[PDB]
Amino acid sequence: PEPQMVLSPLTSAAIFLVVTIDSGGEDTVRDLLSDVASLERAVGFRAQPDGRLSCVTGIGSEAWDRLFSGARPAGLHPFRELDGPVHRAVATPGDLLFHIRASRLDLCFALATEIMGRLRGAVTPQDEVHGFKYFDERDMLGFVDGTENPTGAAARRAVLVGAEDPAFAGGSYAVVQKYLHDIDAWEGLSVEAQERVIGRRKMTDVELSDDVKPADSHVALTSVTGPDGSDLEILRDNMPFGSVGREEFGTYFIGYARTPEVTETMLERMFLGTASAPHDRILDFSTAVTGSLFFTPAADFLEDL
């Protein structure tokens, strides 16, 4: 089974497009799903090898039951709202995700235009974010973002469904959340205080040693081990976005994993906390305004519709 391009090389541009399927739009969506790989080749090929254009298509739980009959991916459910004592992870509507990445925005935009042209009158846009790589892989908080992502075989094993759900092997689960940052509040902190929020040095990106890394730092709370002692990993490709006029400075979070259980465990630790941590300190400067969960099927599943 051939996975979608979940494990993309590093790209500096992205479009995240989240849509709902209007009543009666199911047939139009099915036809487009069977063509998206063709469209990705048509738009991207003339910019190879440096274009690196890819589209990962995800289908939400409710949408799956409208589009398909028979067996479902084992972990496919609607995003689970988290009502923490301070912070809330909201669930927002989303039937289809198109995670479009490239070395240039122009390739992303052209593929988004071709996809949305085919879906006109069948879908309603819910979210559209144009993301950009910010200096040396930094996010809007000024920290390097992606450092401890798994690579190679480790990444394949973390993100791709295998024999635990054999009918859907080569798929993945994507969790998206659009975050807005309170940059005025963040910039009121010293660099040393910001490093205690994230759990790494700001300029050099060296992890704080275990003796000084706070229990409520981002890195501490999103570090999770399984019962068998192994690290539970996700693959992230967070993208900055914003609008200076509106004072909107955001991180578009996207995390891929073999099972939503790994991503949801991290979210629970962030929003509801643990024994030693009320919540992830990153949320004191970051508000989630969307939250959706998608299954990204194997490429051959989409081709065969």
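Between two forms, the rigid core is the largest collection of C-alphas that superpose within 1.5 Å. We number the residues from 1 along the sequence you see.
Take 133-141 and 197-205, fit the other structures onto the shown form by the rigid core, and average the C-alpha distances in 4 other deposited structures of this protein: the farther stretch is 133-141. Looking at 116-124 and 91-99 together, the entry lists the larger mean B-factor for 116-124, computed on C-alpha atoms. As the entry records it, the average C-alpha temperature factor is higher for 226-234, out of 226-234 and 167-175.
Highest CA B-factor among the listed residues (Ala110, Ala154, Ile183, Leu76): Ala154. Within the group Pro278, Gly58, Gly250, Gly255, the record's highest C-alpha temperature factor is found at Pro278.
Per-chain ranking of the deposited C-alpha B factor places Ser12 in the middle third. Among the modelled residues of its chain, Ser243 has a C-alpha B-factor that falls in the lowest third according to the deposited record. Per the PDB record, residue ranking by Cα B-factor puts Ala215 in the highest third of the chain.
For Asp205, the recorded CA B-factor ranks within the lowest third of the chain. Only modelled residues enter the ranking. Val144 sits in the lowest third of its chain by CA B factor, as recorded in the PDB entry.
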